[PDB]
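Content type mmCIF, C-alpha atoms, from the file upload-v2.cif:
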```cif
data_start
loop_
_atom_site.label_atom_id
_atom_site.label_comp_id
_atom_site.auth_asym_id
_atom_site.auth_seq_id
_atom_site.Cartn_x
_atom_site.Cartn_y
_atom_site.Cartn_z
CA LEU A 448 -50.19 25.52 34.30
CA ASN A 449 -48.52 23.85 31.26
CA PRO A 450 -50.55 21.48 29.00
CA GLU A 451 -47.52 20.45 26.88
CA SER A 452 -45.63 19.15 29.96
CA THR A 453 -48.36 16.45 30.35
CA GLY A 454 -47.35 14.66 27.10
CA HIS A 455 -44.71 11.92 26.64
CA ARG A 456 -40.98 12.63 27.09
CA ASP A 457 -38.25 11.30 24.82
CA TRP A 458 -35.98 8.48 25.94
CA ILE A 459 -32.34 9.52 25.73
CA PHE A 460 -30.06 6.64 24.72
CA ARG A 461 -26.30 7.31 25.02
CA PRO A 462 -23.99 4.75 23.34
CA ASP A 463 -20.41 4.32 24.46
CA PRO A 464 -18.09 5.08 21.46
CA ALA A 465 -16.68 2.26 19.30
CA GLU A 466 -12.90 1.87 18.89
CA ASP A 467 -10.34 -0.96 18.60
CA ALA A 468 -6.55 -1.22 18.99
CA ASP A 469 -4.16 -0.05 16.22
CA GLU A 470 -3.13 -3.70 15.56
CA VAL A 471 -0.25 -3.94 13.06
CA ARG A 472 2.73 -6.27 12.18
CA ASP A 473 6.21 -5.50 10.81
CA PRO A 474 7.86 -6.72 7.58
CA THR A 475 11.32 -8.32 7.79
CA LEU A 476 14.22 -7.14 5.65
CA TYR A 477 16.77 -9.57 4.14
CA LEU A 478 20.16 -8.93 2.47
CA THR A 479 20.52 -10.53 -1.03
CA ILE B 2 13.57 5.29 6.23
CA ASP B 3 16.39 7.05 8.16
CA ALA B 4 15.24 7.76 11.75
CA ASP B 5 18.05 10.34 12.24
CA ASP B 6 15.89 12.81 10.21
CA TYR B 7 12.26 11.64 10.80
CA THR B 8 11.40 12.06 14.50
CA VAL B 9 8.71 9.41 14.96
CA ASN B 10 5.30 11.10 14.70
CA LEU B 11 2.21 9.94 12.77
CA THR B 12 -0.13 12.05 15.00
CA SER B 13 0.46 15.27 12.98
CA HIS B 14 2.67 14.13 10.03
CA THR B 15 0.09 12.98 7.41
CA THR B 16 1.36 13.57 3.81
CA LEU B 17 4.55 12.39 2.01
CA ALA B 18 5.86 16.00 1.99
CA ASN B 19 6.12 15.73 5.85
CA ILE B 20 8.77 12.95 5.51
CA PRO B 21 12.20 14.68 5.24
CA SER B 22 13.76 14.63 1.72
CA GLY B 23 17.02 13.42 3.38
CA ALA B 24 15.32 10.40 5.04
CA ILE B 25 14.61 8.18 1.96
CA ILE B 26 17.35 5.50 2.08
CA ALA B 27 15.22 3.44 -0.36
CA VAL B 28 11.89 3.46 -2.30
CA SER B 29 10.22 0.50 -4.10
CA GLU B 30 7.64 -0.06 -6.84
CA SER B 31 3.90 -0.73 -6.29
CA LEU B 32 3.00 -3.87 -4.32
CA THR B 33 2.47 -6.74 -6.82
CA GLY B 34 -0.51 -8.85 -5.67
CA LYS B 35 -2.77 -7.66 -2.79
CA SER B 36 -5.93 -8.79 -0.96
CA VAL B 37 -7.98 -8.00 2.16
CA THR B 38 -9.31 -10.89 4.27
CA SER B 39 -12.79 -10.95 5.86
CA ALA B 40 -10.86 -10.28 9.12
CA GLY B 41 -9.79 -6.89 7.62
CA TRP B 42 -6.10 -7.83 7.42
CA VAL B 43 -4.46 -6.40 4.32
CA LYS B 44 -1.97 -8.79 2.63
CA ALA B 45 0.63 -8.41 -0.13
CA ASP B 46 3.43 -10.50 -1.77
CA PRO B 47 7.19 -9.63 -1.30
CA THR B 48 8.95 -6.46 -2.51
CA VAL B 49 12.61 -5.44 -3.16
CA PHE B 50 14.66 -2.22 -2.88
CA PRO B 51 17.15 -1.93 -5.80
CA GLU B 52 20.95 -1.48 -5.52
CA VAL B 53 20.72 0.18 -2.06
CA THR B 54 23.62 2.28 -0.66
CA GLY B 55 23.58 4.03 2.76
CA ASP B 56 22.82 2.42 6.17
CA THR B 57 21.48 2.51 9.81
CA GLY B 58 17.97 4.04 9.32
CA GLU B 59 16.13 1.51 11.58
CA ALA B 60 12.46 1.98 10.34
CA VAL B 61 10.03 1.18 7.39
CA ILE B 62 7.07 3.23 6.00
CA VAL B 63 4.10 2.49 3.63
CA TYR B 64 2.06 5.16 1.76
CA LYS B 65 -0.71 5.72 -0.82
CA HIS B 66 1.01 6.96 -3.99
CA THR B 67 -0.22 9.76 -6.32
CA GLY B 68 3.18 10.50 -7.95
CA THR B 69 3.24 13.89 -6.05
CA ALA B 70 4.43 14.68 -2.50
CA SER B 71 1.41 16.82 -1.42
CA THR B 72 -1.33 14.20 -2.08
CA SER B 73 0.50 10.90 -1.36
CA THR B 74 -0.54 9.95 2.25
CA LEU B 75 0.86 7.75 5.03
CA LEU B 76 -0.70 4.32 5.86
CA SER B 77 1.75 2.84 8.46
CA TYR B 78 5.11 3.07 10.30
CA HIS B 79 7.17 0.04 11.51
CA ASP B 80 10.16 -0.22 13.92
CA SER B 81 11.23 -3.88 14.45
CA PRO B 82 14.89 -3.97 15.67
CA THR B 83 15.95 -6.33 12.81
CA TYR B 84 16.05 -3.04 10.80
CA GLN B 85 19.23 -2.25 12.86
CA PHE B 86 21.06 -5.15 11.08
CA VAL B 87 20.64 -4.32 7.39
CA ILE B 88 23.86 -2.57 6.25
CA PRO B 89 23.26 -2.34 2.46
CA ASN B 90 26.04 -3.83 0.28
CA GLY B 91 25.15 -1.70 -2.83
CA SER B 92 22.60 -4.46 -3.24
CA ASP B 93 19.07 -5.74 -3.58
CA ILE B 94 17.42 -5.71 -0.10
CA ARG B 95 14.02 -7.50 0.22
CA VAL B 96 10.83 -6.86 2.22
CA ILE B 97 8.95 -10.01 3.32
CA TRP B 98 5.59 -9.49 5.01
CA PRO B 99 4.12 -11.73 7.69
CA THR B 100 2.08 -14.31 5.68
CA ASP B 101 -1.30 -13.41 7.22
CA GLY B 102 -1.12 -9.57 7.05
CA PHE B 103 0.53 -6.38 8.32
CA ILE B 104 -2.33 -3.77 8.69
CA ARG B 105 -5.95 -4.33 9.94
CA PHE B 106 -8.73 -2.05 8.65
CA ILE C 2 -32.18 -3.45 18.40
CA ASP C 3 -33.45 -6.08 20.89
CA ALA C 4 -30.61 -8.09 22.45
CA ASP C 5 -32.66 -11.24 23.22
CA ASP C 6 -33.46 -11.42 19.48
CA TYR C 7 -29.76 -10.70 18.57
CA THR C 8 -26.71 -12.23 20.22
CA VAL C 9 -24.00 -10.07 18.58
CA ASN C 10 -21.04 -11.63 16.74
CA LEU C 11 -18.47 -9.03 15.66
CA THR C 12 -16.78 -11.53 13.25
CA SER C 13 -19.36 -13.57 11.30
CA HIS C 14 -22.08 -10.95 10.55
CA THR C 15 -21.61 -8.59 7.58
CA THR C 16 -25.00 -7.27 6.29
CA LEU C 17 -28.52 -6.27 7.39
CA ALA C 18 -29.69 -9.68 6.05
CA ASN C 19 -27.81 -11.34 8.99
CA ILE C 20 -29.78 -9.46 11.73
CA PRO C 21 -32.77 -11.67 12.77
CA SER C 22 -35.48 -9.60 11.09
CA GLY C 23 -37.68 -9.38 14.25
CA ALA C 24 -34.90 -7.78 16.39
CA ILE C 25 -35.42 -4.39 14.63
CA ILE C 26 -37.61 -2.29 16.99
CA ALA C 27 -37.10 0.85 14.82
CA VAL C 28 -35.22 1.98 11.64
CA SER C 29 -32.82 4.96 11.76
CA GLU C 30 -33.64 7.92 9.52
CA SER C 31 -30.50 8.94 7.55
CA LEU C 32 -27.64 10.56 9.54
CA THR C 33 -26.79 14.31 9.27
CA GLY C 34 -23.87 16.63 10.12
CA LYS C 35 -21.62 13.67 9.19
CA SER C 36 -18.02 14.88 9.74
CA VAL C 37 -14.48 13.61 10.48
CA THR C 38 -11.29 14.58 12.40
CA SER C 39 -7.54 14.03 11.81
CA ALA C 40 -7.58 11.47 14.68
CA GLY C 41 -9.91 9.27 12.52
CA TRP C 42 -13.09 9.89 14.59
CA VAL C 43 -16.45 10.05 12.79
CA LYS C 44 -19.11 12.43 14.19
CA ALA C 45 -22.81 13.05 13.42
CA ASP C 46 -25.82 14.93 14.91
CA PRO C 47 -28.24 13.06 17.31
CA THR C 48 -30.85 10.71 15.74
CA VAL C 49 -34.61 10.54 16.57
CA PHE C 50 -36.86 7.49 16.13
CA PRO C 51 -40.45 8.88 16.20
CA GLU C 52 -43.41 7.45 18.18
CA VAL C 53 -41.78 4.00 18.80
CA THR C 54 -43.78 0.96 20.01
CA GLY C 55 -42.29 -2.52 20.54
CA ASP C 56 -40.48 -4.67 23.15
CA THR C 57 -37.58 -3.58 25.45
CA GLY C 58 -34.51 -2.54 23.39
CA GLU C 59 -30.86 -2.67 24.51
CA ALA C 60 -28.52 -1.77 21.58
CA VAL C 61 -27.96 0.44 18.50
CA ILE C 62 -26.38 -0.80 15.20
CA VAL C 63 -25.00 1.38 12.37
CA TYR C 64 -24.87 0.19 8.73
CA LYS C 65 -24.49 1.64 5.19
CA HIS C 66 -28.04 1.89 3.80
CA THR C 67 -28.09 0.74 0.13
CA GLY C 68 -31.75 -0.32 -0.37
CA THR C 69 -30.87 -4.04 -0.83
CA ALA C 70 -30.49 -5.64 2.63
CA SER C 71 -28.07 -8.24 1.14
CA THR C 72 -25.51 -5.49 0.21
CA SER C 73 -26.00 -3.04 3.15
CA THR C 74 -22.74 -3.51 5.13
CA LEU C 75 -22.77 -3.41 8.94
CA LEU C 76 -20.34 -0.86 10.46
CA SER C 77 -20.87 -0.84 14.29
CA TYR C 78 -22.69 -2.15 17.39
CA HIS C 79 -23.16 -0.01 20.53
CA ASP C 80 -24.51 -0.32 24.07
CA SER C 81 -23.49 1.13 27.49
CA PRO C 82 -22.71 -0.22 31.01
CA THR C 83 -25.32 2.29 32.37
CA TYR C 84 -27.68 3.22 29.47
CA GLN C 85 -28.43 -0.54 29.39
CA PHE C 86 -31.99 -0.47 27.90
CA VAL C 87 -34.99 1.59 26.69
CA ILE C 88 -38.71 0.72 27.17
CA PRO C 89 -40.54 1.92 24.00
CA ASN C 90 -44.04 3.17 24.94
CA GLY C 91 -45.21 5.48 22.07
CA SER C 92 -42.61 8.17 22.99
CA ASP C 93 -39.86 9.33 20.67
CA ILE C 94 -36.41 7.75 21.23
CA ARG C 95 -33.36 10.05 20.85
CA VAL C 96 -29.86 8.59 20.40
CA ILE C 97 -27.39 11.25 21.52
CA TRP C 98 -23.83 10.51 20.34
CA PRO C 99 -20.70 11.29 22.41
CA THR C 100 -19.86 14.91 21.41
CA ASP C 101 -16.27 14.14 20.40
CA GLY C 102 -17.27 11.32 17.92
CA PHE C 103 -18.60 7.74 18.05
CA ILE C 104 -16.58 5.48 15.60
CA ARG C 105 -12.72 5.32 15.18
CA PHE C 106 -10.91 4.67 11.83
#
```

So that I can check it, write out the structure of this file as structure tokens.
Amino acid sequence: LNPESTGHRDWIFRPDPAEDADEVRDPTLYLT
Amino acid sequence: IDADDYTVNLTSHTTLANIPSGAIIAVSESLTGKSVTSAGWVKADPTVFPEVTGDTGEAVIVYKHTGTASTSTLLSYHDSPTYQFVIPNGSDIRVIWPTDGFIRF
Amino acid sequence: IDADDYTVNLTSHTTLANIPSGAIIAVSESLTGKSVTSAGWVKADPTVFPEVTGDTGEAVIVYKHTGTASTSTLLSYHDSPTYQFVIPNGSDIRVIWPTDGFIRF
């Protein structure tokens, strides 16, 4: 009925996306 | 920066021209001495704002500089409440970073 | 990538020369449709590894290909809670990225 269907099938691999927090630190002002 | 003009958005403000022309209490020269650690923390040595007049802005901004408002682009915004307690005396005012960094790439 | 041949360390590793050279079940052909968004997401079209044979594989790693393994910088590691592994068997392997982008900047 369908020769091509009797071959291999691809593995589908689905990664979760990569992200990390917006980590940041604040400068301090001084009067002089 | 004066927060009474810049409503705090960095989600759709992206170029220097988006910062209101009335918001710039002070501007300072290029950061003298810089490095990036293996941990991706950017570091720089201290900076000063000259002869500052005006008061009560409550925030600080850092940007990539091209000399022109359309192509200079924003890198961070800061809001620590110690910015409520500078009231410039017509004076030098000085920016001291945390020793270990202030932005991670 | 085979995860028994590579315990990942997101801090100490920097280049393709750090990956234990036997952990590499297959080598990515170069990415295409490489695009970006104002949120800082990178996107690309799905990648195929053709006719793969090897041991069970559990992760994907992305790096800047520069010919010399000692200067090809690592840029991500990926797995999933549910797409936990692949059994190579002479089939093609297709890595299908999340449609809305797969690395944040």

Could you fit chain B onto chain C with a least-squares superposition over all C-alpha atoms, matched one to one in order, and give me the transformed chain as a tab-separated table (two decimals) with C-alpha atoms, in the coordinates of the input?
```tsv
chain	number	residue	atom	x	y	z
B	2	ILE	CA	-31.83	-3.69	18.36
B	3	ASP	CA	-33.37	-6.58	20.38
B	4	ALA	CA	-30.57	-8.75	21.84
B	5	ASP	CA	-33.02	-11.64	22.48
B	6	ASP	CA	-32.77	-12.45	18.71
B	7	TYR	CA	-29.28	-11.17	17.68
B	8	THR	CA	-26.61	-13.19	19.51
B	9	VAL	CA	-23.72	-10.72	19.62
B	10	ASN	CA	-21.35	-11.52	16.74
B	11	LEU	CA	-19.69	-9.11	14.29
B	12	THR	CA	-16.89	-11.64	13.49
B	13	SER	CA	-19.01	-13.52	10.89
B	14	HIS	CA	-22.25	-11.45	10.65
B	15	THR	CA	-21.39	-8.79	8.00
B	16	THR	CA	-24.51	-7.75	5.97
B	17	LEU	CA	-27.92	-6.35	7.08
B	18	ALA	CA	-29.59	-9.65	6.05
B	19	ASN	CA	-27.64	-11.33	8.95
B	20	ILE	CA	-29.54	-9.19	11.52
B	21	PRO	CA	-32.79	-11.07	12.40
B	22	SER	CA	-35.99	-9.56	10.89
B	23	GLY	CA	-37.55	-9.83	14.40
B	24	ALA	CA	-34.75	-7.78	16.05
B	25	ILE	CA	-35.50	-4.26	14.64
B	26	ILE	CA	-37.24	-2.44	17.52
B	27	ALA	CA	-36.51	0.85	15.68
B	28	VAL	CA	-34.85	2.29	12.52
B	29	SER	CA	-33.99	5.97	11.80
B	30	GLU	CA	-33.29	8.18	8.78
B	31	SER	CA	-29.81	9.07	7.42
B	32	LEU	CA	-27.48	10.95	9.78
B	33	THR	CA	-27.95	14.72	9.17
B	34	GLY	CA	-24.54	16.43	9.32
B	35	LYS	CA	-21.29	14.36	9.46
B	36	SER	CA	-17.52	14.93	9.50
B	37	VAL	CA	-14.25	13.06	10.11
B	38	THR	CA	-11.53	14.72	12.20
B	39	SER	CA	-7.79	14.54	11.39
B	40	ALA	CA	-7.69	12.08	14.35
B	41	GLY	CA	-9.95	9.73	12.29
B	42	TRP	CA	-12.92	10.07	14.64
B	43	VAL	CA	-16.21	10.09	12.75
B	44	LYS	CA	-18.79	12.58	14.13
B	45	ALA	CA	-22.49	13.19	13.51
B	46	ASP	CA	-25.35	15.35	14.95
B	47	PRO	CA	-28.31	13.79	16.92
B	48	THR	CA	-30.94	11.38	15.54
B	49	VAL	CA	-34.46	10.25	16.63
B	50	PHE	CA	-36.51	7.03	16.40
B	51	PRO	CA	-40.20	7.81	15.65
B	52	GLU	CA	-43.23	6.70	17.72
B	53	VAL	CA	-41.41	3.63	19.14
B	54	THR	CA	-43.36	0.69	20.68
B	55	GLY	CA	-41.74	-2.47	22.14
B	56	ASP	CA	-38.98	-2.62	24.81
B	57	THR	CA	-35.89	-4.26	26.50
B	58	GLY	CA	-33.53	-4.79	23.49
B	59	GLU	CA	-30.37	-3.43	25.23
B	60	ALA	CA	-28.12	-2.66	22.14
B	61	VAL	CA	-27.62	-0.17	19.18
B	62	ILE	CA	-26.30	-0.80	15.61
B	63	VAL	CA	-25.05	1.45	12.71
B	64	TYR	CA	-24.84	0.37	9.03
B	65	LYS	CA	-24.08	1.57	5.47
B	66	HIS	CA	-27.43	1.78	3.67
B	67	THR	CA	-28.16	0.69	0.06
B	68	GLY	CA	-31.97	0.32	0.47
B	69	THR	CA	-31.52	-3.53	0.16
B	70	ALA	CA	-30.68	-6.11	2.84
B	71	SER	CA	-27.96	-8.01	0.88
B	72	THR	CA	-25.65	-5.01	0.18
B	73	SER	CA	-26.21	-2.81	3.27
B	74	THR	CA	-23.22	-3.58	5.61
B	75	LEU	CA	-22.48	-3.26	9.34
B	76	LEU	CA	-20.19	-0.47	10.70
B	77	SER	CA	-20.52	-0.83	14.53
B	78	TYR	CA	-22.30	-2.45	17.53
B	79	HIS	CA	-22.83	-0.74	20.95
B	80	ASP	CA	-23.91	-2.15	24.36
B	81	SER	CA	-23.90	0.57	27.08
B	82	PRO	CA	-26.21	-0.51	29.98
B	83	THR	CA	-28.27	2.75	29.76
B	84	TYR	CA	-29.99	0.88	26.86
B	85	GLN	CA	-31.59	-1.30	29.63
B	86	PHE	CA	-33.60	1.78	30.83
B	87	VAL	CA	-35.42	2.92	27.69
B	88	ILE	CA	-38.97	1.47	27.85
B	89	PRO	CA	-40.60	3.21	24.83
B	90	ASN	CA	-43.83	5.12	25.61
B	91	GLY	CA	-45.16	4.93	21.97
B	92	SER	CA	-42.85	7.90	21.62
B	93	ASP	CA	-39.93	9.72	20.06
B	94	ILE	CA	-36.67	8.25	21.49
B	95	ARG	CA	-33.42	10.17	20.70
B	96	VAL	CA	-29.81	9.14	19.99
B	97	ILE	CA	-27.15	11.60	21.22
B	98	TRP	CA	-23.56	10.86	20.26
B	99	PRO	CA	-20.51	11.71	22.35
B	100	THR	CA	-19.53	15.22	21.10
B	101	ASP	CA	-16.06	14.22	19.85
B	102	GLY	CA	-16.92	10.97	17.98
B	103	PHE	CA	-18.10	7.36	18.21
B	104	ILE	CA	-15.98	5.37	15.63
B	105	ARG	CA	-12.23	5.81	14.75
B	106	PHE	CA	-11.04	4.90	11.23
```

(request) Hey, list the chain A side of the contact with chain B: 9 Å cut-off, only C-alpha atoms, answer as JSON, numbers by chain. (result) {"A": [469, 470, 471, 472, 473, 474, 475, 476, 477, 478, 479]}

(request) Identify every residue of chain C that has at least one atom within 10 Å of any atom of chain B, counting only C-alpha atoms, and report the result as a list in words. (result)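 Only these qualify: residues 12, 13, 15, 39, 40 and 106 of chain C.
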
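Between atom CA of residue C:5 and atom CA of residue C:58 lies a distance of 8.9 Å.
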
(request) Name every residue that the PyMOL selection byres ((chain B and resi 70) around 6) selects in this structure, writing the answer as a PyMOL selection string with chains first and numbers rising. (result) chain B and resi 17-18+69+71-73

Produce the centre coordinates and the three edge lengths, each in Å to one decimal, of the box along x, y and z that contains all listed atoms of stretch 57-76 of chain C with 3 Å added on each side, as AutoDock Vina command-line options.
```
--center_x -29.0 --center_y -3.2 --center_z 12.3 --size_x 23.2 --size_y 16.1 --size_z 32.3
```
